[PDB]
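1. Partial complex here, more coming in a sec:
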Amino acid sequence: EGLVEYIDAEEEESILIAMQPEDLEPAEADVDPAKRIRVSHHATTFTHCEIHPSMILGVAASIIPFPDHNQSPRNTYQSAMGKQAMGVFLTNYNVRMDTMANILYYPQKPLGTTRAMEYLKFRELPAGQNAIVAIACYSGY
Amino acid sequence: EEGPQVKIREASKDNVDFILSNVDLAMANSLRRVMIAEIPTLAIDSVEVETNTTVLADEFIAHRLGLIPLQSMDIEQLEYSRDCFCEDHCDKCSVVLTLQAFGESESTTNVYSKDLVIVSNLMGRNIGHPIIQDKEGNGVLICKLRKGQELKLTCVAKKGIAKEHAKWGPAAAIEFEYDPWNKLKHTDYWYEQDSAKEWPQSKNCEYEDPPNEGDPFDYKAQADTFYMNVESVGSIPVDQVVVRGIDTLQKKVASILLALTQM
Amino acid sequence: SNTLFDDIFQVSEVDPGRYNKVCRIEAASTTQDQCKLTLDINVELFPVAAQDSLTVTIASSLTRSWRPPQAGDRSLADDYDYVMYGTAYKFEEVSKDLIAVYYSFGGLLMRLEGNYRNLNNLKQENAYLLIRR
Amino acid sequence: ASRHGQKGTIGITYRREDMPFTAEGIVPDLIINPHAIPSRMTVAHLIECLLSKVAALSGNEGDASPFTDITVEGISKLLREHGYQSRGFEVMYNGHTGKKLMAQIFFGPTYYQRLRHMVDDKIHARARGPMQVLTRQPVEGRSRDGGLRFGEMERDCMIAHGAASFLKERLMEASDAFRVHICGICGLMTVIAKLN
Amino acid sequence: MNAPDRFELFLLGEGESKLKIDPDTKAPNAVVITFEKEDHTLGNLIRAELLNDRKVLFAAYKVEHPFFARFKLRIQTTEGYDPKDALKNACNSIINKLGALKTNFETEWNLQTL
Amino acid sequence: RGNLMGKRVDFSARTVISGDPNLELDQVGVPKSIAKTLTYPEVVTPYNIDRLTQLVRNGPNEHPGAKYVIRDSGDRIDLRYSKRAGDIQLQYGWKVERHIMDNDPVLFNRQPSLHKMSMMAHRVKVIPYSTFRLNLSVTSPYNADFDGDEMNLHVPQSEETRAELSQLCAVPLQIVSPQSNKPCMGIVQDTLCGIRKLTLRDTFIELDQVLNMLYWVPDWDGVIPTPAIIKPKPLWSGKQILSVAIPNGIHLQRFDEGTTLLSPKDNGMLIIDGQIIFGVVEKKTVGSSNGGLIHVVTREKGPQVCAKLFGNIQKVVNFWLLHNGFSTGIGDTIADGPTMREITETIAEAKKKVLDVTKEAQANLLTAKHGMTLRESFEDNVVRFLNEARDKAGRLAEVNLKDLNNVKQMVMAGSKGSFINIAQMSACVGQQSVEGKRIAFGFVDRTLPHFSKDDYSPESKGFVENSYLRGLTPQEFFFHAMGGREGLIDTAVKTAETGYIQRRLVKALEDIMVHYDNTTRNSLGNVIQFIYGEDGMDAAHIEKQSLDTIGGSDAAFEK
Amino acid sequence: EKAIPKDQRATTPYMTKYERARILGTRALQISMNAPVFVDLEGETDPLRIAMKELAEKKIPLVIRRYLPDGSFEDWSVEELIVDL
């Protein structure tokens, strides 16, 4: 229908993209202080618009809660981490004959999820547990 | 009526909201500790697996079985197998349960705690019956079966305290709070603007009198009034949780006394 | 020994300074024209308001394990309100005949300026600061 | 590991009684160190916690998605209505003594991962065992019951300490050691060793 | 694998005694009682009750390592009072305090309805 | 390199390590398994005979046991399969390979073994559980933490080999490092955090807490120190019961800033006879500092005496803190309502100064100083304004964080954290750089295709206005990710490079040693230094001392 | 040849940590290999702890041969070396 299109890096060179669809094309004439400070759209000669900013990441980072509130390398480390974790890798484990396989007894879906996780399944085949954690210095152990 | 005073606010089949007045902190805490892991009960300690054709592993099921709450009313009328003179277990030291279930219908067959049946001599003791609190009367869902599926196992339930394994607790969360005004200054409150506005008042504020800002801090004062709520898991009734709680502590203290006599 | 000092002081200013239980007090003598006093007080226990006049003293008795109070023959040089134990750590000769004393009550410091502290203080781990009404 | 690039092994296991408790009776399943926070600057960890506490209570999923309008103030707003103090803190009592902690604890749910690599799968020790075919030195790998390497880097450390007689033993009596018959003329290992 | 048996926390070992009394070398009239297969449940309770007795000079407890089920109690008394008997007396009072609690909670329970 | 300079060895072990606050400095927690696996060849003497015969009796499966009994003629007796393993009446001269037991000397190591302090002798303490247990104050020389790190343990087999460990390589002997003439180990983390806390002037303790605290010190005299307070409620200061861990004859003096012997800020340090007089104890005192408690206690009272210190310091602090707690909440990053406005105003004026400097450059009224490009002058100035802003907004945060601020508290103790961390989390993350220049035009004439061409603005070239608490935008995110990646690359490049560099030195200086005339020479016997270090002095025994004749006026010198 | 005169020697009269460690070791080895003990081992039983006692009492009959780069040596008896460290 021509409402959406595929752009490669070469063609990207010639276009002007908007990050948010609404927050990037309104009008001009108080604000939430807790919210992040976003720059005004300024240039208004758009050819395209981002489907959703979050789509710059992939499988790995799309599992991280609030990566936009983390120091750059921490997000890269968590990217290696999830791969070294364990849980229900597939429903058919009972049926497969794999050299080494670890499955969680009682896997839990995160209490805090990414909209991306839906497509990633995750909530369906988890890798962790919603542990009640205390940040405190107890026995020094 | 002399010494430590008790005042029950609320009482139910599995909950006791009381006020332990005129007691040292150590006392209220040690009793809280003993109620968590030292009051004995009955729970599955062995599982013999004849047939398992289910999606769940033998030990996964065995694990779940151990957690299953069992009537532990007359537990002092049962021995620890370690004390029993018998080869392995018996009727004086253990309750044997059977569990045979098969996928009858094409429709998914659920294996409940009600499906566990005693195959040992109880000797008129209120012991080994699986605790069912479920309104439909099924209790804990142990496993799920398809059609060709079947589970046939035998399990020996033994006596124990939670200190050995969490499954052995009449447990559940135990509410504990002393001084709902910090009149003792036992905790320095964290804030941004004002502690009173950002910290919420606990229901126990109703009973105690507020500090009254125009008064200096009570130096020599000590904690004696304790607000507590003991929750029963079902193995033992609530009254008995606290009573056997008091008892176990009392018992293990008297053992230290007759230990001095021996040496 | 017996009391080695006795003077009624007048509070000039009260300062918490990042603390909530401790307060550094600035006091001046009611009798002497030069005798100054600067000391830390556990205000949570004994509140020291502005424009207060307090009787300060440094005794020596009322070495071995500290025995708890106990309701016995126990009678201390305490008829007072606020009592501390300290240690001498420095003695400053603030020119001419003016002397300065330095006592630490386990962190709660003390500074007393005067002249007549001759047969009063020595470099001893002994100090007993009694303060009343 | 938490979902914010910070691994860790279990230090110790404490049973419920010893564990610090809340005025409700809630207890941690895990205790993390306050020091493993500022150096790394993982605020999302603290936030992912705050959101999960509010989530479990309300009975709703936590929108932890990145480029959103979800604020700490917003999450806090609800949690404060949901009874608890808005910043994740809770008054806790020491399980040993039963006395309140002077410091309030940042408590609440946080999704953690069970990581592959477990103590027992790594524990290894070898007081003499199978030798290599060629080099006559200990074999490689724990499954083969091999030896830990005493590299050049470790030989340096010993040569720094001055421990010469240890360094010899660690390279002779432990590992390979051979007695060869040397020619008093050649200086070679071409001597017919006809012992006994 | 290297983990001990969970009963080793309440079950006394082969040739193990619940109370081991040793004379304190650092000071006169003091004792170092070692409690085997006991924790803070008992430690704190006894020590807090010892402090209630006026004739007690010093009373403190320490569990040197969490892995182990031991606990060390140290008692110093006034001249003419055996600290072994100080344990006895304090330790006795605890039973009485609990005895009162039991019969008082029981009175309240029957008075309540549900 | 593989089979001669280095090699796999016997009587070695490896496992995941974990810290233990109830372990001594020179101790190592060896799991039973490993302790059962490793042996020592002990010859049968009349002094040992009784214990050894009892050890043989226990056998390979019971811990204080043994496997293998070597007879005269060197024929071994495998105890797990010997028919007469129950028999065996030991004879003098026979060797008994006994299990590794408590208080045995063992070489503990962590790779990369970059300096001698990475490889130290320890006292064995056989424990249950699967991990290699160790004192936290040994974390630094070895360079470990407990996020999964494993360590190597080797066991000496000769009587003379075990001497070399205890007499030269022992943990207390290695406290004062020759490398930096300062101690290499100090009080860390919780202890470093909790010492500061307990030792505050405001901090006071009751009868009950004091006694348990005193009894926790092992080498305690047994005498209750007199309470600092003897009025309604006999109270004690933290400063007091901590001074119990400090030994006799210990004298320490500091003076930091507002330090006036009457110290209003409770800063600096005064320790006399081994009792604390004033000041708060922290990193400068109880850390691995040049003039701190440790360099003093080691040199003054002894290495064995000093090693014992950490333990006592840890036992009192840890206990106190265990019964006090301390967290880190998200609230600790939530800086003031009006304080945020000032931080936001800072970025506002920072952004304006750039706009102006840009407008000025675009107008050709910018005349760059000698040596640097008109354009490179612009960049330098812009970067400078933004860095100033980030620092200022960050200083605005710090100067608002309450004393009850958990983050600030660690930074104050020096346990963890720094200013930048506060700044970035609560105020403003700041500018991102790659190749030292700001975010470059990867796309023709732009950084991102969501911006117009020729956009030299802060936000276009990678300035993160937002804090970590507020969160980064999609642009800010990618830019930070670009900068973050650089770090990650030149960490891997540095660990590769520094590693090789090390080996190269270590090979060139290998054979260099002090001879029996203080001559620093090689294996050929060629003089490098006629006197070592130019004085013929050992590097550890040295310490910075002010030379009072070099400075001051000629008038002051005479007086 | 080679040697050095007894009252003509510049090497430290003090025993190095290395000379101590090696001496303690060599003796402990002898003690453990059922060799005579030249001091009353009042209480003691560890061969190294015994070697340490023998040293403090100065009853160790061993001589340190200190080598000089040129190929010369100074002979210092354990019974004469200062042990300050």
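-> Perfect, thanks for sending it. Numbers count the residues shown, from 1 in each chain, chains lettered A, B, ... in the order given.

2. from the chain's centre, how far out does the longest strand belonging to chain D sit?
-> For chain D, the longest strand by residue count, based on DSSP state E, is strand D:105-113. Put simply, strand D:105-113 sits 19 Å off its chain's centre (CA atoms, centre = their mean, to the nearest Å).

3. Please see if it touches chain B.
-> No. Strand D:105-113 stays clear of chain B (CB under 8 Å from any CB of the partner chain), getting no nearer than 9.6 Å. Bear in mind the C-beta positions are built from the backbone N, C-alpha and C, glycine included.

4. Next SSE downstream of that strand?
-> Counting by DSSP states H and E, the next helix or strand C-terminal to strand D:105-113 is helix D:119-122.

5. Could you tell me which residues within that following helix count as buried?
-> By 16 or more other CB atoms under 10 Å in any protein chain shown, the buried positions in helix D:119-122 come out as residue D:119.

6. Check whether that helix comes near chain A.
-> No. Shown here: helix D:119-122 not in contact with chain A (CB under 8 Å from any CB), separated by at least 10.6 Å.

7. which residues does residue D:1 contact?
-> A:78, A:81, A:85, D:7-8, D:112-113, D:115 (CB atoms under 8 Å, 6 or more residues apart in numbering or on different chains).

8. Those into TSV, with extra columns for neighbour count?
-> Shown next, in TSV, are these (neighbours: other CB atoms under 10 Å in any protein chain shown):
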residue	neighbour count
A:78	27
A:81	22
A:85	19
D:7	18
D:8	17
D:112	20
D:113	23
D:115	19
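
9. Chain B: which of the residues you listed is nearest?
-> When the contacts of residue D:1 are ranked by distance to chain B (CB to the nearest CB), residue D:112 comes first, at 19.1 Å.

10. include chain H as well:
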Amino acid sequence: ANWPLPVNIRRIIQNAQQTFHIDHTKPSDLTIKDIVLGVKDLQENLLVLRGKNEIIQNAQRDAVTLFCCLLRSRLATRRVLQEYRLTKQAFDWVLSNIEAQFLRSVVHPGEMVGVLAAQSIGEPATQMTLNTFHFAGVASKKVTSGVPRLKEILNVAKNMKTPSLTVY
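-> Chain H, in position alongside the others:
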């Protein structure tokens, strides 16, 4: 002023002050001849080398030159009495303690210095951060810093990356 030297003198003076319980109100029992000749006889005993010949004795004099400046500066006649207020008993002990500590502070023949020095440079280098020049507060201060610079040096690079000349 502050420079790494064996024997912390401040501590010894503080030790004697505590050990002998020095009172700042009583006059000392020391002669000017005692202090002057004492500190003088002390430095003659602060040995590093022992050789009877000229060269070694000059080398010995040379080795201790700087330490003696501290000794002399700290143990001057005025200081000993005016500041320290030391008695003879206390002062004599100080001299023995200084010598004791100095002889203790010396290096041990057999000490493997090469390996030490190498690891002493190596280990710190292995901790270095930010390849982008630290001394560069401005672009006109962008000189090679960190590991790239350290590599340049160790390799004795004929083709120096940022060659600069600082002219006075």
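
11. With chain H now part of the structure, what is the answer for the buried residues of helix D:119-122?
-> residue D:119.

12. again, but for stretch B:12-22
-> Quick answer for stretch B:12-22 (16+ other CB under 10 Å): B:16-20, B:22.

13. anything in that stretch near chain E?
-> Yes. Counting by CB under 8 Å from any CB, chain E is contacted by stretch B:12-22 at B:12-13, B:18, B:20.

14. Out of the residues you listed, name the ones that lie in strands.
-> Those of the residues of stretch B:12-22 next to chain E lying in strands (DSSP E): B:18, B:20.

15. Spatially, which two of the residues of stretch B:12-22 next to chain E are the most separated?
-> Maximum pairwise distance in the residues of stretch B:12-22 next to chain E, criterion CB to CB, is 21.1 Å, between B:13 and B:20.

16. what sits against the residue of the stretch 151-263 of chain B found nearest chain A?
-> Taking CB to the nearest CB, chain A has its nearest neighbour within the stretch 151-263 of chain B at residue B:173, 11.6 Å off. Taking CB under 8 Å, 6+ apart as the criterion, residue B:173 is in contact with B:231, D:24-27.

17. how about those in a markdown table, adding secondary structure and distance to residue A:141?
-> Formatted as a markdown table, these follow (DSSP: H, G, I helix; E, B strand; the rest coil; distance: CB to CB, whole Å):
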| residue | secondary structure | distance to residue A:141 |
| --- | --- | --- |
| B:231 | strand | 29 |
| D:24 | coil | 25 |
| D:25 | coil | 23 |
| D:26 | coil | 21 |
| D:27 | coil | 16 |
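
18. From the residues you listed, pick the one nearest residue A:61.
-> After measuring the contacts of residue B:173 against residue A:61 - CB to CB - the closest member comes out as residue D:26, at 31.8 Å.

19. what's the spacing between that closest one and chain E?
-> Distance of residue D:26 to chain E, given as CB to the nearest CB, to the nearest Å: 20 Å.

20. ok, now chain I:
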Amino acid sequence: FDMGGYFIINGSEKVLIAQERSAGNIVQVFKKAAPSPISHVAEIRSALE
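-> The block that follows adds chain I to the chains above:
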């Protein structure tokens, strides 16, 4: 839940790792250092399908 995209080679599941390469037929210019006798170069990575 299985996505495919892999191969089963002797019962073992193999993923073909996508390989990055510089695209051909592209015209590019590169400035040559300083010891070089030639100042600039124009290159083409010519190849057929």
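
21. contacting residues around the residue of chain G found nearest chain C?
-> Using CB to the nearest CB, residue G:43 is the residue of chain G that sits closest to chain C, at 31.1 Å. Contact analysis of residue G:43 by CB under 8 Å, 6+ apart lists nothing.

22. Repeat that for residue B:19.
-> Counting by CB under 8 Å, 6+ apart, residue B:19 touches B:5-9, B:207, B:225-228.

23. measure it to residue F:364 for me?
-> 83 Å (CB to CB, to the nearest Å).

24. The residue in chain D that chain H sits nearest to: what's its closest spatial neighbour, skipping adjacent residues?
-> Using CB to the nearest CB, the closest approach of chain D to chain H is made by residue D:160 at 4.5 Å. Closest residue in space to residue D:160, ignoring its immediate chain neighbours: residue F:116 at 3.9 Å, by CB to CB, 6 or more residues apart in numbering or on different chains.

25. What does the one you found show for phi and psi?
-> phi -50, psi -30 (degrees, to the nearest 10).

26. just checking, it touches residue H:119?
-> Yes. Contact status for residue F:116 versus residue H:119: in contact at 6.7 Å, counting by CB atoms under 8 Å.

27. what do these two both touch?
-> Between them, residue F:116 and residue H:119 share the contacting residues D:157, D:160, judged by CB under 8 Å, 6+ apart.

28. one step back: looks like the residue of chain D closest to chain H contacts residue H:115 (just checking).
-> Yes. Using CB under 8 Å, residue D:160 is in contact with residue H:115, at 4.5 Å.

29. count of residues packed around residue B:150?
-> 16 (other CB atoms under 10 Å in any protein chain shown).

30. which residue does chain I bring closest to chain E?
-> Closest point on chain I to chain E, by CB to the nearest CB, is residue I:12, at 31.4 Å.
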